[PDB]
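First the structure, in the form of structure tokens, and then the observations on it.
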Amino acid sequence: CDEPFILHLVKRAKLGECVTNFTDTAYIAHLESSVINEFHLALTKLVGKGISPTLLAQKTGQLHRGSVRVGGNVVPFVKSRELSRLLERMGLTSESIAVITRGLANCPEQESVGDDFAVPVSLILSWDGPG
Amino acid sequence: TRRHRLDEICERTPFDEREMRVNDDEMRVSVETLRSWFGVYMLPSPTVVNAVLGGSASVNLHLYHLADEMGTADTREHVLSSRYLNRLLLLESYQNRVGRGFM
Amino acid sequence: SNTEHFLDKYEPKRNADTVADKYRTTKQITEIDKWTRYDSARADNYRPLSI
Amino acid sequence: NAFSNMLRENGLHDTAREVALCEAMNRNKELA
Amino acid sequence: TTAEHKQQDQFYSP
Amino acid sequence: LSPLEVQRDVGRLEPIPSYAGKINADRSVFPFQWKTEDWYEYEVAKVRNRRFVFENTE
Amino acid sequence: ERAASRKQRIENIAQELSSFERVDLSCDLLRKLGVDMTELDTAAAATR
Amino acid sequence: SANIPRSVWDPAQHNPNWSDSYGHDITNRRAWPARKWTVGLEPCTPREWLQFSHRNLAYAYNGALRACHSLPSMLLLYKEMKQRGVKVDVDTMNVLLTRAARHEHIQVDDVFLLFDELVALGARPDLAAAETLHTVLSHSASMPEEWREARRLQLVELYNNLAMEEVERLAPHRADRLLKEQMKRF
């Protein structure tokens with residue numbers, strides 16, 4: 001419960017509780033990091049899936065403002081339905097998936113798109129989850 | 001002159017994904033994923049290249065795709081070209097992105 | 001999985017997968033070979049200048 | 001069956017399937 | 001019967 | 001069907017090999033059939049000539 | 001209402017076979033059954 | 001020239017593709033694990049190669065398939081045998097399609113997709129397979145009409161190809177009664 005929320009739950013799902021069958025510290029550490037990179041990548045394959053480029057252009061234009069420094073960065077939005085669906089493939093519980101949806105819709109970085117809400121991938125990696 | 005011709009010929013040739021191979025441990029990633037993560041200006045579609053080379057403005061660094069003559073999002077990866085990347089080196093935003101901000 | 005196959009839907013949930021095989025089969029590169037005495041003594045694939 | 005048969009052999013299975021679907025679709029409201 | 005049986009077992013043998 | 005185009009696996013359907021009915025039959029080509037005189041002459045010539053080789057050639 | 005998905009499927013197949021990748025294969029496949037239109041061949045044999 | 005050639009001692013002439021002595025010979029004596037897959041062993045010795053085939057691997061995998069009582073556990077094995085190229089059978093098709101049609105929650109759509117894909121890999125459809133497909137086409141009233149007619153068209157095609165193929169099989173043997181029965185069933 002020390003970590004980012006969703007990463008914690010994904011490790012719990014993919015490594016199971018049997019990750020500590022292994023007594024090797026370094027091995028478990030590598031298991032964790034590889035599971036996380038898998039997740040991160042899938043998450044990337046999901047950026048801008050259900051969103052139109054016009055909507056994205058709009059919201060990114062608003063979030064960059066007048067700063068030249070950030071002008072080249074792209075805000076990687078993921079639709080919430082797609083997020084939940086991914087977390088279902090990965091074997092998270094729907095009890096927890098619902099917590100995740102419900103708690104992300106309370107986040108400042110949320111942006112409502114096409115009568116569904118989406119979020120930055122950075123958030124999905126950094127978010128704690130009680131509020 | 002030579003480089004110029006080579007540039008024109010690069011821009012009109014499709015990139016060949018068969019040739020692409022993965023070095024140890026690397027992840028296989030499609031062009032689409034790369035584009036939507038790093039922005040389209042980085043792996044430009046011919047419509048985007050054409051725009052950048054034919055135009056003027058800074059405020060446009062093209063993040064998302066562009067419309068095409070058939071009215072669809074142009075997804076094409078042609079081979080990258082010297083002059084296109086120079087035109088990007090002109091924008092402040094891009095300078096910052098690639099770590100040359102000091103310029 | 002690159003393209004998701006249509007059979008993926010029915011792919012069994014990972015409940016009670018404690019046996020999970022990718023994690024059982026994966027080795028540290030350190031484990032793959034041993035340094036034997038044949039290696040301590042190995043001759044050179046080039047011709048040496050002076051030994 | 002003239003279309004889907006060609007597309008299956010030329011490597012395109014999904015489009016072939018949808019097109020066959022579309023031909024049967026036609027034949028339905030043509031006969032009825 | 002299994003197509004395997006009729007591929008390999010349908011010959012005269014000891 | 002020529003014997004190569006026949007499907008002999010009860011459980012599979014295999015692509016018909018590209019040479020199946022195509023290669024035509026000339027006794028000039030095959031099967032190899034030949035005069036004995038010529039065979040003798042050939043064999044002997046081939047032994048006698050082992051050393052007639054110009055190694056160094058342009 | 002069930003003739004709207006006819007329309008939609010036909011348009012989806014049409015815009016899928018006309019994608020930049022597949023235009024060539026679609027044109028060759030187009031010649032080989034019912035369709036002869038010299039509207040292409042003439043414009044090309046003009047450039048040859 | 002020089003008694004010891006520059007190539008030996010001069011770093012300008014260093015050959016970057018040369019590797020050190022120890023590495024190649026360590027890499028060489030490596031024997032990788034022979035059980036790379038479920039169901040089989042990868043041949044190691046020429047003797048072992050004489051026991052081996054993709055077309056026979058079919059047999060072993062078919063057995064391992066008839067073993068699994070649930071479709072989900074079967075799907076995995078099938079994915080394997082698809083991926084490591086294994087010649088696939090009438091029988092792989094029979095044991096798959098049956099346990100896909102009994103499995104309660106299957107979308108009929110995928111049963112047919114699966115059949116199609118098995119055939120793309122060159123499995124020869126036969127009476128059992130076609131008939132199972134037929135039974136699946138009955139139990140689905142819930143699909144769009146054009147789908148049902150598309151698949152009915154394909155099924156009729158299939159039954160006819162079967163009947164022809166089977167006449168050709170039985171005719172040279174002067175089988176008449178048996179042939180007549182098979183036709184009765186078609």
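Naming scheme: A, B, ... for chains in displayed order of the structure tokens; residues 1 onward per chain; ligands 1 onward as shown.
Scanning chain D with DSSP on the backbone, the alpha helix (DSSP H) assignments fall on residues 4, 5, 6, 7, 8, 9, 13, 14, 15, 16, 17, 18, 19, 20, 21, 22, 23, 24, 25, 26, 27, 28, 29, 30 and 31 of chain D.
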Counting only C-alpha atoms, collect the residues of chain F whose closest atom lies at most 12 Å from chain E, and write them out as a PyMOL selection string.
-> chain F and resi 8-12
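Here CA of residue 59 (chain B) and CA of residue 69 (chain A) stand 12.2 Å from one another.
For the residues H:140, H:92, H:154, H:3, ranking by smallest atom-to-atom distance to chain F using only C-alpha atoms places H:92 first.
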Residue 5 (chain D) environment, 10 Å, only C-alpha atoms, sequence neighbours closer than 6 positions dropped, as a ChimeraX atom specification = /D:13,16-17,19-20
Generate a file of the selected residues that holds N, CA and C atoms, formatted as an mmCIF file, in the first residue's frame.
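As written to disk, out_24.cif reads:
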data_model
loop_
_atom_site.group_PDB
_atom_site.id
_atom_site.type_symbol
_atom_site.label_atom_id
_atom_site.label_comp_id
_atom_site.auth_asym_id
_atom_site.auth_seq_id
_atom_site.Cartn_x
_atom_site.Cartn_y
_atom_site.Cartn_z
ATOM 1 N N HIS D 13 -8.720 -12.531 -45.393
ATOM 2 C CA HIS D 13 -9.765 -13.400 -44.867
ATOM 3 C C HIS D 13 -10.959 -12.644 -44.310
ATOM 4 N N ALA D 16 -13.023 -10.827 -46.905
ATOM 5 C CA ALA D 16 -13.706 -11.894 -47.646
ATOM 6 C C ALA D 16 -14.950 -12.380 -46.908
ATOM 7 N N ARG D 17 -14.796 -12.560 -45.601
ATOM 8 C CA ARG D 17 -15.874 -12.999 -44.730
ATOM 9 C C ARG D 17 -17.015 -11.983 -44.711
ATOM 10 N N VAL D 19 -17.602 -9.649 -46.943
ATOM 11 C CA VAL D 19 -18.172 -9.528 -48.281
ATOM 12 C C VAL D 19 -19.143 -10.677 -48.573
ATOM 13 N N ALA D 20 -18.752 -11.907 -48.230
ATOM 14 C CA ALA D 20 -19.638 -13.070 -48.357
ATOM 15 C C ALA D 20 -20.927 -12.824 -47.592
#
Write out as a PyMOL selection string which residues come within 12 Å of region 41-50 of chain H when counting only C-alpha atoms, dropping same-chain ones fewer than 5 positions away.
-> chain H and resi 30-36+56-57+60+84
Within 9 Å of chain C, which residues of chain A show up when using only C-alpha atoms, listed as a VMD selection string?
-> chain A and resid 13 to 19 27 31 89 to 91
Same residues, C-alpha atoms, output as a PDB file, in the first residue's frame:
ATOM      1  CA  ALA A  13      -2.914  -9.758 -10.271  1.00  0.00           C
ATOM      2  CA  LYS A  14      -0.064 -10.803 -12.618  1.00  0.00           C
ATOM      3  CA  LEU A  15       2.545 -12.014 -10.112  1.00  0.00           C
ATOM      4  CA  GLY A  16      -0.149 -13.423  -7.845  1.00  0.00           C
ATOM      5  CA  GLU A  17       0.624 -13.989  -4.158  1.00  0.00           C
ATOM      6  CA  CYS A  18       3.012 -16.727  -5.325  1.00  0.00           C
ATOM      7  CA  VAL A  19       5.648 -14.128  -6.194  1.00  0.00           C
ATOM      8  CA  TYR A  27      14.542 -12.120  -9.075  1.00  0.00           C
ATOM      9  CA  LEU A  31       9.541  -9.884 -12.120  1.00  0.00           C
ATOM     10  CA  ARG A  89      -7.972  -8.921 -19.383  1.00  0.00           C
ATOM     11  CA  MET A  90      -5.160  -8.645 -16.834  1.00  0.00           C
ATOM     12  CA  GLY A  91      -7.272 -10.311 -14.138  1.00  0.00           C
TER      13      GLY A  91
END
Kindly determine which residues of chain H lie within 12 Å of chain G, considering only C-alpha atoms, and give the answer as a short mmCIF file (atom, residue, chain, number, x, y, z; two decimals) with N, CA, C and O atoms, in the first residue's frame.
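Saved as out33.cif:
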data_model
loop_
_atom_site.label_atom_id
_atom_site.label_comp_id
_atom_site.auth_asym_id
_atom_site.auth_seq_id
_atom_site.Cartn_x
_atom_site.Cartn_y
_atom_site.Cartn_z
N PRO H 144 -28.04 -12.29 -36.75
CA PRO H 144 -28.60 -11.63 -37.94
C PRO H 144 -28.93 -12.62 -39.07
O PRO H 144 -28.25 -13.63 -39.20
N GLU H 145 -29.94 -12.31 -39.88
CA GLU H 145 -30.40 -13.23 -40.93
C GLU H 145 -29.37 -13.49 -42.01
O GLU H 145 -29.21 -14.62 -42.46
N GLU H 146 -28.70 -12.43 -42.43
CA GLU H 146 -27.68 -12.53 -43.47
C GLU H 146 -26.52 -13.41 -43.03
O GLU H 146 -25.89 -14.09 -43.85
N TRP H 147 -26.22 -13.39 -41.73
CA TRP H 147 -25.19 -14.26 -41.17
C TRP H 147 -25.62 -15.72 -41.31
O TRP H 147 -24.89 -16.54 -41.88
#
Produce a table with one row for each residue of chain C that has an atom at most 12 Å from any atom of chain B, each row naming the nearest atom pair and its distance in Å at one decimal; use only C-alpha atoms; arrange rows by chain and rising residue number; format as CSV.
residue,atom,partner,partner_atom,distance
C:1,CA,B:28,CA,11.0
C:2,CA,B:28,CA,8.8
C:3,CA,B:30,CA,11.1
